[PDB]
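K.L.:
One structure follows; several queries about it will come next.
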Amino acid sequence: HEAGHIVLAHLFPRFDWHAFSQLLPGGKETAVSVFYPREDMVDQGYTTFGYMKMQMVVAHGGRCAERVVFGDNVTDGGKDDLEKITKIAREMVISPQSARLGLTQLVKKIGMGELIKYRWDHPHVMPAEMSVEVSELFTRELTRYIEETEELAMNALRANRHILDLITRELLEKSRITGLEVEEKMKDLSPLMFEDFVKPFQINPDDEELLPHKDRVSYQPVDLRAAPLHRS
Amino acid sequence: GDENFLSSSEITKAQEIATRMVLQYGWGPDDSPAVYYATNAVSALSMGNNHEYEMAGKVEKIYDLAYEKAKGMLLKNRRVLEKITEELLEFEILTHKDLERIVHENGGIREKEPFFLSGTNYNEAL
Amino acid sequence: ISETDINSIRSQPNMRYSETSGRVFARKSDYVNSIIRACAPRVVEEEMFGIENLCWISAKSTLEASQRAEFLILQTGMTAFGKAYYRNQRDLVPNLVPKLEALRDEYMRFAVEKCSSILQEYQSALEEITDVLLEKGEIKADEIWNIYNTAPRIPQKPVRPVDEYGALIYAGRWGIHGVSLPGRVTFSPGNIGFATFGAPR
Amino acid sequence: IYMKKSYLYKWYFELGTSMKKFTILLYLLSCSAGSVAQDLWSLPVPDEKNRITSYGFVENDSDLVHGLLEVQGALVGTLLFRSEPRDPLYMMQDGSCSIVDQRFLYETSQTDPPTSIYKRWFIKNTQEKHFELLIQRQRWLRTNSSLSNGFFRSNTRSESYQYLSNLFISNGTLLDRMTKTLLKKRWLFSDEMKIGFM
Amino acid sequence: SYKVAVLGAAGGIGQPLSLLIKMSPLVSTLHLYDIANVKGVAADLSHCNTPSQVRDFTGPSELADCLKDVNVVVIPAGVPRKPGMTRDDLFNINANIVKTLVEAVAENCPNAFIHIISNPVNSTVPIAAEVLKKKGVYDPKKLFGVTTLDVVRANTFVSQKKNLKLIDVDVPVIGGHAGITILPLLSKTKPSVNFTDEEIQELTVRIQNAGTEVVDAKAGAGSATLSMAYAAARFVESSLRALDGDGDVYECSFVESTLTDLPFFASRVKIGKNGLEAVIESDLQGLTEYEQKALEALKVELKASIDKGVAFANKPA
Amino acid sequence: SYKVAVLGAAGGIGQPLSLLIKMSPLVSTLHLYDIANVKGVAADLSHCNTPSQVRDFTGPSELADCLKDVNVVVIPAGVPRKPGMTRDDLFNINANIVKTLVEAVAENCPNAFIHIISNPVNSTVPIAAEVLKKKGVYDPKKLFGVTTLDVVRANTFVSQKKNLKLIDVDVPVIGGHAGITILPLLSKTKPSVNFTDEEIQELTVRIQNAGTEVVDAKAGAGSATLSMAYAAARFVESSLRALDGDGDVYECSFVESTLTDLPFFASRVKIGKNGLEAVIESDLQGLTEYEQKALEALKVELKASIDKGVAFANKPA
Amino acid sequence: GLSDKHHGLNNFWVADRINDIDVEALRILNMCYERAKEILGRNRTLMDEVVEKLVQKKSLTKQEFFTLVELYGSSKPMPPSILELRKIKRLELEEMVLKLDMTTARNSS
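Chains as they are written, first to last, in the deposited numbering: chain B, 769 to 880, 889 to 1008; chain C, 1175 to 1300; chain A, 605 to 805; chain D, 1931 to 1935, 1943 to 2014, 2031 to 2060, 2204 to 2294; chain I, 82 to 398; chain J, 82 to 398; chain F, 768 to 876.
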C-alpha cells in the first residue's frame, strides 16, 4: 500500500515533496507517508482540476497497487482513500466551472485550513432540491471521474512494477524510507513519466497578437427529460 | 419592454384573500362548510397528502375567476382608462367629481347588483 | 469461540471470543459472514419456536444486520452500488436510494436463506449443544468443535447465490418502464420530431 | 493582477423599489459574463485540466444569478416568450404563509409492570426518535421530487451565455488589447477603459 | 384516445407513415387499408409493444366497416412515378383513387379530418372538395392539404445555410405544393437573421426544386418516401393535438381560404376541435418585392392547376 | 453526439431502421452504406429537419471511408427470402455478405459496437466472432446479436393475454433468435401475474412461431420489415445510451457468455461504456421444470447452429 | 422489530415501504378487533351473569368471579408452551435423522 502511494507520488513531474514514509508507526498496524505541497500552490489560494486529479490518482495508488499485486480480492485497507477521492471528486462536480453541471442550481447557501476546500461540507451548505434525472447526471459524472482516475492509476501501476517492488523491498528492509532515497533509486531506472497536470495557461506579457478562441463557451444546458408515455 | 413591480404588493394580497374563503370562512367553490383554519390557529388540520392538490386547484380557480371578472369589467372601459391617465398626467390632480365626469362623457359602464364571482350557486334572501 | 454461558440476560449473546489483534484486512466474504452471523437468534427462534414466540430482544437482532449491510453497500465499495464512499447522513441523492434499498433487501434474502439452510443441516449438533448447555450451563470450545465434527448432518438444498445486478435491473431512474421500452415519436415540442426509446429528447 | 480579500446582493434589491423587469435581465447578463470571457480566451482541449474551481468571485456571481432568477420567477404572477411552470402547490403555500405572517405581525419497555390492566405496557416516549426519523425521511422524499423549476433557469442562462459569446467574439480585439494592457501595467481604472475602448 | 384511418397504408409512403402513427402517444386504434398487401403490414405492426391497436381491412367490401368512429382520415394512396408515363395519366389514376376514397369517407364518416396526400395535391384537394360537395356533406373546415414537406425542407435549408439551431428554425411557406407555387417567406423567418439577395434566390430555387432533386437522385426508383412519411406524421399528430383541445395548433396547410382570389391556398392556419378555426392573416402582407412578384407569378399557375382539378372532378360518368 | 454506420441501409429492414435512427436525439452523424441504391436513401433522409447529418457511401471501394470515427456499426445486410431458394444458399449469401462486412470493420474500425441483424443471428454472430479473431481485433464485449424482437413479441402477447398495461410488461427471453431456441421466461414476468398451464403453453408456442406467422401472413412478400426495424432501433438506442455513461443499460442480446457450456447464448446483459459490462446470472436459476426441459431441448439446437456458424466461418478461401 | 413483513425491519428508505410500515399496525388492530368480537361473543351468558353481579355488589374478588367463570365458561383450548414444541421438534428430528441413518445403511449394506 505504502509503496504504491510512493510510486504514484514520484511518477509525476510536479507532485508534493515526499518527506518520509514509515511502516507500523509506534506499534499501530498501519502505515503513513508525509507529503508537503509546494509553496506556489499555497500562494495561489485556489486549486485546479489537474491538481485535484493529481490528488485522487495518488490517493488511488495504494489500493491500486494492492489490487495489482494481490489480485481481485480487494480489502478495506484503502477505505480512507476511497473516502478522500470521493470527496475531491464531488468538488469536481459541485464547482460552477463544470461543463455538464455548471449552469444548474447545485448546493445552495442557507445564509451567513487546507488547500482543497470542500464547499459541500460547509455548515451553511445544504443540498438543493433535485429531480430524479438531475441526480442521475450527478452520479454519472462522479462515477466517470472516479473511473477515469482509477483507470489512470491502474495503467500507471502496471506501467512500472520494478520500481514498485524495489520501493517495497526498501520498505521491508529499512521499515522507513525518505524522499531523497526514493528519488535516487528511480533516477537510473527511467520510469514512464506522466504528463504535467498543473502547468499554468499563461499569456505573453507584451507580444502583440490576437490570441484565439475556439469560438464558443463549453457549457451545455441541463435538459434531460423523457417523452411522455402512450395512451394519452 | 416596460413592466412594473408596483402591483406585486397587491397580487400577493389576492394570494392572501382567496385562500381565506377556502380555509377559514368556507366560502369555497362549492359552498362547503369544511373549515380547516381558525383565527387563533397556529397550523391547519391533517389536510391529507393528495387532498392538498384539490384545494390548491380550488384556490387557483377562485383567483382566476376574480382575475377574469376584473379583466372583463376593465377591458370594457379601455378608453375611459386612457382618458383618466392623460387627465392625471396633464393636471396632476383629479377628484371624484372629475372621475365621474370622465366616466360619464366617455361612456363608463358600471357593474350592477347582485355582485358575485360565480352565479352558478347564487341565491336570494327571504 | 472460546467460552459460552447462559447465566446472564443480555441484549447480545453471552459468547466469548479469543481476540487476536491484526485485523488489517477484511474481505467482502468476511462482511457477508458477519451479516449472516448478525441475524442468528431471530432465525433460530423462528425455526424451532415459530414466528409468534419471538422475544423483544432476539427480534432486535436483524436490525444490526441491517446496519451492517448498509455499511457494506455504502461505506465499503466492492458491491455493484458503485465505487464511492457515502456517509449515511446527506450525500445520498434520491437516485441511489432505490438502488440501496434493493441491494439491502437482496442481501437480507440471501443472508436469511443461508441462516435457514445452515442451521437445519446441523440440527443434531444444534440440539446437542443446547442440551449440554441446559445441563451444565457452561460449555467450552473443545466440546463445541467435537460435537460439530461428530454429529450427523442432514443434506439440504443449495441456496441461490447473491447477485447485485439482478436486483438493480428493476431499480432505475425511469422505473419498471425502461426495461420494456415502447419507444415513441413526438412532434409536439418545437418544430422537430424525435423517436426515443427511453432516451431524453 | 494582485489578489483581493461580499454582500452586494442586498444593496441592489434594497435600492430597487419600483424598477422595471428588463433591468433584471441586464443584471443577470452582467453577472454571468466573466465566465464567458474565461471560457473563450482559455485554450481548447484539455480534459478540463485548467479550470479555477472554488475561488472568490465565481461563487458570488453564481449566487447573484441564482437569486436574480428566483426573484424573476417568483414575481411572474412582450418581454418573456414563456413563463415559469409555477408548481401547483406554490399558490396555497403562499396564501397560508401570508396568513401566518399576518397572524404573527398582528400581535426500554416500561420496566415497572402494570398491576392494573388499564395501564399500558410501553411508555409513550419510547419509540419517538424513529417516528421523527421516518417523518423526516418521508418529507425529504416528498420535497426532493417536485422541483419542476430547474430546467427553466438553466436554459435561460444558456441563452445569456450564447448572447454574451456572440457579443464578445466580434469585439474580441477590445478585450485582447485590454488584457495586454493589464499585463503591461499592473493597475487599471475606468478612464483607461474608456480610452482603450478603441 | 383517438382513432386514425390510413387509406393506402401498404404502398410506398403508407408503411413508414403507419409505423410512425402507431408509435404516437395519441393514437389508440388504427385501421390500415389498401387494395392488397395490407395483411402483412398489420401483422408486422401488431408485434410492437405500443398500446395503439391495429386492425386492417382489405378491398372495397370492408371499406364500409373501415370508416366507423373515425376522427382522422389519412389518404396517402397514390401510385409513385413510373418510367414512360406522363403527368396526365398519373393525374387521372391518383384522382380516381382519391375520388373513391373521399366518396367512401362521405358515405361513411362526414365528420372525420380529411388529409389528402396524393400528387398533385394542388389539383387534388379541389377534387375532394367537389366530391364532398356532391353529397351535401362538404365541411370546408375539415379538409386539409398536407404541405408540411415544404416547411420542413425550408427549415433544413435555412438552418444549413445560416448555421442556426434546427429546432428553433421555422420558415413560412405559401402558395401550393408543386414546383414554382411554393414561395418561402424568408423575410419572416424566426429567429431573426438577415439574408442577402443571392442567398434568398438560391434558397428559393432549392426549396422549389428539392423534390425534383430527390426524384432524379433516386434514379427513377420512385419519389420521397421517408420525408413524406415524416411530414404526414407531423401533420397527423398536429391534427390529433387539435382534437385534444390544444389552443396553439398552428400549421401550414393547403385549404379553401379567401386570402387571395384563388379558392384554395396554402398558408399558416390555426386548427381547433371542429377543424379549421382561423387562418393567419399576418403572412400575406409585409412581403418584399421578391415575394410579391413570385406570388403574382405563381398565382396564374395555381389557378390553372385548381381549374384543371375542379374540371376533372366534374366530368360526367 | 455519436456516429452510427448502417451497412446495408437500402434493403427491406434498412430504410425504416435508418429512418428511426435518424429521429434519435443522440445521433449526430449517419453513414449509410450499401452496394446500390444508397444515393436515393441519403436524398430522402437529407431533408428532415433533424441535426443528425446524413452521408452515404457506395461500393466496397468507398467502404474504407465509411468507417472513420464510427462508434456503432449496424449490420442489417442480407437478402430477404426468395422463392425456390433453400436454407443453405441463403445462409451462404448472408454469411458471405456479413463476412466481407466484418472483414471491412476489422480492417477499418475495430473499436466500434457491432450489431448483427442478418438471419439467422444464431449462426451469424459466431461467424463475425471468428472473422474478428482472424484479424486479432476481436473484442467479445463489443459484439452483440439482436434478439430484442423476441422480447417485444413476448411483451405484446403477454400484455394482450393477461390484459396488463403494455408499458410495464417485460418478459425475459433466453436461448437464441431462431424458432425453438427462443424460450420466454414467463415465470419471471413483471408485473407479477399468475399464469396457468395451457396459457403458458400457447404463449410459448406463439412466441416461438410469431416469426413464421409473420412470414406466411405476407404470402411470400418477404420477412418482418417494421418490427425488425423497431427492435434494431431499440437496441441501437440502448447501445448509444450505453456509450453515454448511463449505469442502468440492461438489454437482452445474443452474446458470447459462459453461463452455460455454450460459447454464445442469448440472455439479459448490462452494457457499459466499454461494451459488455455484466451478464445477468440470475436468469437461469429459479426456472420451473417447464423452462428446465425447454432449455435442455433448445441447448442441442443452439449448439448445432453455433457449430455450423463456426464451421462456415473457418472454411478455406 | 417483532413483525414478520420481511423480517422485522422497522426502517426502510423508499416512501412506499415507510407507508406500508403503518399498514401492518392497522391490520393487526383489525385482527385483534375481530378476535375480541369472537371471544366476547362466545361468552354471552357469563357476560350477563358477571355484569349482574358487578351491579349488585359493586365489587368482586378472585374466588367468586372464578366460580362464575367455571359455572358459565366456554372452552379455552390452551396453545402449547415452548417445552411441548421443543419436545415434538426434538422427537421429529430424531426420527428423521434415524430414517436418514437407515436409508444410508440398508442402501449401503
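We treat Cβ as the ideally placed atom computed from N, Cα and C, and that holds for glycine.
I want to know whether the stretch 135 to 155 of chain J touches the stretch 102 to 118 of chain J - three or more CB-CB distances under 8 Å.
P.N.:
Flag = yes, the stretch 135 to 155 of chain J and the stretch 102 to 118 of chain J touch.
K.L.:
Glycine 159 of chain I and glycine 89 of chain I look like a contact to me (Cβ under 8 Å); what is the Cβ gap, rounded to whole Å?
P.N.:
Residue numbering aside, residue 159 of chain I sits at position 78 when the fifth sequence is read from its first letter. Residue numbering aside, residue 89 of chain I sits at position 8 when the fifth sequence is read from its first letter. Going by Cβ atoms, the distance from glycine 159 of chain I to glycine 89 of chain I rounds to 7 Å, so yes, they are a contact pair.
K.L.:
What number of angstroms, rounded off, separates the C-alpha of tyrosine 1241 of chain C from the C-alpha of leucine 2270 of chain D?
P.N.:
Within the second sequence, the letter at position 67 stands for residue 1241 of chain C. Within the fourth sequence, the letter at position 174 stands for residue 2270 of chain D. Their backbone Cα atoms lie some 51 Å apart in a straight line.
K.L.:
Whose CA, out of I:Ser82, I:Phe238 and I:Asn130, lies closest to the CA of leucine 284 of chain I?
P.N.:
Taking the first residue of the fifth sequence as position 1, residue 284 of chain I is located at position 203. Nearest option by C-alpha distance: I:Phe238.
K.L.:
If I measure Cβ to Cβ from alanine 314 of chain I and keep anything under 8 Å in the same chain, skipping five residues before and after, which residues do I get?
P.N.:
Reading the fifth sequence from its first residue, position 233 is the one you call residue 314 of chain I. The residues are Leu98, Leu101, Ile102 and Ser105.
K.L.:
Could you round the C-beta distance between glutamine 790 of chain B and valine 800 of chain B to whole angstroms and report it? I think they count as a contact, below 8 Å.
P.N.:
Translated into positions along the first sequence, residue 790 of chain B becomes position 22. Translated into positions along the first sequence, residue 800 of chain B becomes position 32. About 6 Å separates the two Cβ atoms, so the contact holds.
K.L.:
Do three or more CB pairs link the stretch 335 to 351 of chain J to the stretch 369 to 386 of chain J at distances below 8 Å?
P.N.:
Output reads yes: the stretch 369 to 386 of chain J touches the stretch 335 to 351 of chain J.
K.L.:
Please say whether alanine 193 of chain I and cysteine 147 of chain I have beta carbons closer to each other than 8 Å?
P.N.:
Position 66 of the fifth sequence, counting from 1, holds the residue named residue 147 of chain I. Position 112 of the fifth sequence, counting from 1, holds the residue named residue 193 of chain I. Cβ distance not < 8 Å, so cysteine 147 of chain I and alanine 193 of chain I don't count as in contact.
K.L.:
Excluding the 5 residues flanking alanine 771 of chain B on each side, which residues of the same chain have their C-beta closer than 7 Å to its C-beta?
P.N.:
Residue numbering aside, residue 771 of chain B sits at position 3 when the first sequence is read from its first letter. Contacts found: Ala833, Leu940, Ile943, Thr944 and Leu947.
K.L.:
Cβ of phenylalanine 977 of chain B within 8 Å of Cβ of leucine 2012 of chain D?
P.N.:
Position 201 of the first sequence, counted from the start, is the residue given in the question as residue 977 of chain B. Position 75 of the fourth sequence, counted from the start, is the residue given in the question as residue 2012 of chain D. Cβ distance not < 8 Å, so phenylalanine 977 of chain B and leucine 2012 of chain D don't count as in contact.
K.L.:
Closer than 9 Å, Cβ to Cβ, to anything on chain B: give me those residues from the stretch 101 to 122 of chain I, in chain order.
P.N.:
So the list reads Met104, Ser105, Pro106, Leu107, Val108 and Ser109, given in the order they occur along the chain.
K.L.:
Distance cutoff 8 Å, beta carbons only. Does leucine 2032 of chain D sit that close to anything in chain C?
P.N.:
Residue numbering aside, residue 2032 of chain D sits at position 79 when the fourth sequence is read from its first letter. By this cut-off, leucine 2032 of chain D is an interface position.
K.L.:
Which chain F residues are close to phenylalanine 714 of chain A, counting only those with a beta carbon under 9 Å from its beta carbon?
P.N.:
If you number the third sequence from 1, residue 714 of chain A lands on position 110. Near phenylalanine 714 of chain A there are no residues of chain F at all, since even the closest Cβ is about 12 Å away, more than 9 Å.
K.L.:
Does the distance from the C-beta atom of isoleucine 195 of chain I to that of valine 154 of chain I stay below 8 Å?
P.N.:
Translated into positions along the fifth sequence, residue 195 of chain I becomes position 114. Translated into positions along the fifth sequence, residue 154 of chain I becomes position 73. Cβ atoms of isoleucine 195 of chain I and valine 154 of chain I: closer than 8 Å.
K.L.:
Just tell me which of C:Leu1248, C:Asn1223 and C:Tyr1199 has its CA closest to the CA of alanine 1212 of chain C.
P.N.:
Your numbering for residue 1212 of chain C matches position 38 in the second sequence. It is C:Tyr1199.
K.L.:
If you draw a straight line from the alpha carbon of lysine 389 of chain J to that of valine 317 of chain J, how long is it in whole angstroms?
P.N.:
Position 308 of the sixth sequence holds residue 389 of chain J. Position 236 of the sixth sequence holds residue 317 of chain J. Cα to Cα, the separation comes out at about 27 Å.
K.L.:
What did DSSP end up calling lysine 1250 of chain C once you bin it into helix, strand or coil?
P.N.:
Counting from one through the second sequence, the residue named residue 1250 of chain C turns up at place 76. Looking at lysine 1250 of chain C - three-state DSSP - the assignment turns out to be helix.
K.L.:
When DSSP builds the beta bridges, which residues end up paired with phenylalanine 788 of chain B?
P.N.:
Here residue 788 of chain B corresponds to residue number 20 of the first sequence, with the count starting at 1. BP columns for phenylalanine 788 of chain B point to B:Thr954.
K.L.:
With contact counted as at least three CB pairs below 8 Å, one residue from each stretch, are the stretch 331 to 342 of chain J and the stretch 907 to 926 of chain B in contact?
P.N.:
Contact between the stretch 331 to 342 of chain J and the stretch 907 to 926 of chain B is absent, because fewer than three Cβ pairs lie under 8 Å.
K.L.:
Rounded to the nearest angstrom, what separates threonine 870 of chain F and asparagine 699 of chain A at their Cα positions?
P.N.:
The sequence position of residue 870 of chain F within the seventh sequence is 103, counting from 1. The sequence position of residue 699 of chain A within the third sequence is 95, counting from 1. Straight-line Cα distance between these residues: approximately 55 Å.
K.L.:
Are the stretch 769 to 779 of chain F and the stretch 700 to 719 of chain A touching by the rule of at least three beta carbon pairs closer than 8 Å?
P.N.:
Cβ pair count under 8 Å is three or more, so yes.
K.L.:
To the nearest angstrom, report how far apart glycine 741 of chain A and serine 273 of chain J are at their CA atoms.
P.N.:
Numbered from its first residue, the third sequence carries residue 741 of chain A at position 137. Numbered from its first residue, the sixth sequence carries residue 273 of chain J at position 192. Taking the straight line from one Cα to the other gives about 50 Å.
K.L.:
If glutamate 909 of chain B and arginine 868 of chain B are in contact, beta carbons under 8 Å, what's the gap, nearest whole angstrom?
P.N.:
As a first step, residue 909 of chain B must be located in the first sequence, where it is residue number 133. As a first step, residue 868 of chain B must be located in the first sequence, where it is residue number 100. No, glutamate 909 of chain B and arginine 868 of chain B are not in contact; Cβ-Cβ is about 13 Å, not under 8 Å.
K.L.:
Check this for me: beta carbons of residue 718 of chain F and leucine 827 of chain F, under 8 Å apart or not?
P.N.:
Because residue 718 of chain F is not part of the residues shown, which for chain F are 768 to 876, the question remains open.
K.L.:
Expressed to the nearest angstrom, what Euclidean distance is found between the alpha-carbon atoms of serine 863 of chain B and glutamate 2037 of chain D?
P.N.:
For the purposes of this step, residue 863 of chain B is taken as the residue at position 95 of the first sequence. For the purposes of this step, residue 2037 of chain D is taken as the residue at position 84 of the fourth sequence. So the two alpha carbons sit approximately 26 Å from each other.
K.L.:
Does any residue of chain I bring its CB to less than 8 Å from the CB of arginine 1001 of chain B?
P.N.:
Here residue 1001 of chain B refers to the residue found at position 225 of the first sequence. Chain I, which has no Cβ nearer than 8 Å to the Cβ of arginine 1001 of chain B, makes this no.
K.L.:
Below 8 Å between beta carbons is the criterion; list the residues of the stretch 817 to 845 of chain B that meet it against any residue of chain D, in chain order.
P.N.:
Listed by position along the chain: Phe817, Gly818, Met820 and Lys821.
K.L.:
Assess contact between the stretch 357 to 368 of chain J and the stretch 785 to 797 of chain A, defined as three or more Cβ pairs (one per stretch) separated by less than 8 Å. Is contact present?
P.N.:
Touching, no, given that fewer than three Cβ pairs across the two stretches are closer than 8 Å.
K.L.:
Step through the CB atoms of chain D and report whether any lies within less than 8 Å of the CB of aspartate 1176 of chain C.
P.N.:
For the purposes of this step, residue 1176 of chain C is identified with residue 2 of the second sequence, where counting begins at 1. Cβ-Cβ to chain D under 8 Å: yes for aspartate 1176 of chain C.
K.L.:
Please determine, among B:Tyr814, B:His769, B:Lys847 and B:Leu1005, the residue with the shortest C-alpha to C-alpha distance to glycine 889 of chain B.
P.N.:
Within the first sequence, the letter at position 113 stands for residue 889 of chain B. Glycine 889 of chain B has its Cα closest to that of B:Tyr814, out of B:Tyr814, B:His769, B:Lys847 and B:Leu1005.
K.L.:
Does the beta carbon of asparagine 797 of chain F come closer than 8 Å to any beta carbon on chain D?
P.N.:
By one-based count along the seventh sequence, residue 797 of chain F stands at place 30. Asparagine 797 of chain F does not count as touching chain D.
K.L.:
Thinking C-alpha only, which one of J:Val119, J:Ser133 and J:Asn236 is nearest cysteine 129 of chain I?
P.N.:
Working through the fifth sequence from its first residue, we reach residue 129 of chain I at position 48. It is J:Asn236 whose Cα lies nearest to the Cα of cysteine 129 of chain I.
K.L.:
Measure how close the beta-carbons of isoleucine 156 of chain I and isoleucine 197 of chain I come, nearest whole angstrom, since I'm counting them as under 8 Å.
P.N.:
Start at 1 with the first residue of the fifth sequence, and residue 156 of chain I comes out as number 75. Start at 1 with the first residue of the fifth sequence, and residue 197 of chain I comes out as number 116. Going by Cβ atoms, the distance from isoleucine 156 of chain I to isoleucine 197 of chain I rounds to 5 Å, so yes, they are a contact pair.
K.L.:
Looking at chain A, is there any beta carbon in it that lies within less than 8 Å of the beta carbon of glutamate 318 of chain J?
P.N.:
Within the sixth sequence, numbered from 1, the residue matching residue 318 of chain J stands at position 237. Chain A, which has a Cβ nearer than 8 Å to the Cβ of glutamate 318 of chain J, makes this yes.
K.L.:
DSSP on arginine 764 of chain A, reduced to helix/strand/coil?
P.N.:
For the purposes of this step, residue 764 of chain A is identified with residue 160 of the third sequence, where counting begins at 1. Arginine 764 of chain A: coil per DSSP, three-state reduction.
K.L.:
To the nearest angstrom, how far is the alpha carbon of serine 841 of chain F from that of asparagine 810 of chain F?
P.N.:
Position 74 of the seventh sequence, counting from 1, holds the residue named residue 841 of chain F. Position 43 of the seventh sequence, counting from 1, holds the residue named residue 810 of chain F. Computed Cα separation, rounded: 7 Å.
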